[PDB]
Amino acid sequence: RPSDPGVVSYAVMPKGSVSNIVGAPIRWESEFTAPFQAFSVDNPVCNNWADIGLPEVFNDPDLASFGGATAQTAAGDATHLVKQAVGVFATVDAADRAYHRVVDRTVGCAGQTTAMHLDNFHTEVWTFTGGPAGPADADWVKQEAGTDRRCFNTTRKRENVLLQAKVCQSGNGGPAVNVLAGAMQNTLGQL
């Protein structure tokens, strides 16, 4: 069955739960209640892979509710960084259109390196990889140029819900992002 808009208050895992999933201290988080994009990317095809919880993906006449969080090792320390975004749509079709704004608009991003101009006047360079998106599930990775830092991303469309999770770290945040997306999905009350 479809989710009520209230599920966003429950579907975002708090920093304690995030710490238990990544296997590292997570002492800082910031919650958000609206989609936001805090950067511009040079290559437009990579916009909807460059972060999650984006306005062009989620903002829609049929967006009923939205919540997310960014969690980190500590204030000023993103050694581990974890982000979550959950949108509840009025219809299953609207959630499908939001899913397709992620996966249709990023065809050609895989294999590209591009500059992210952050709104705080920092510039980062990221290399994107990812296989073809599924009907309701899309994974991709970005790696920061000259580092072993990779962000593992997953997007999940479940009935009238679109959710996204991102785990950034050295090594492989993929296992953690899959455990986290599972934990988020388990709250949706869709049976």
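Residues carry their position along the shown sequence, with the first being 1.
- When the mean C-alpha temperature factors of 29-37 and 46-54 are read from the deposited coordinates, 29-37 comes out higher.
- If you average the C-alpha B-factors over 78-86 and over 116-124, the higher value belongs to 116-124.
- The entry lists C-alpha B-factors for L63, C151, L163, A133, and the highest of these is at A133.
- Annotation for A138: CA B-factor lies in the middle third of the chain's modelled residues.
- The entry lists a Cα temperature factor for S170 that places it in the lowest third of the chain's modelled residues.
- Among all modelled residues in this chain, the alpha-carbon of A98 has a temperature factor (C-alpha) in the lowest third.
- Placement of the Cα temperature factor of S9 within the chain: highest third of the modelled residues, per the deposited record.
- Among all modelled residues in this chain, the alpha-carbon of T155 has a temperature factor (C-alpha) in the lowest third.
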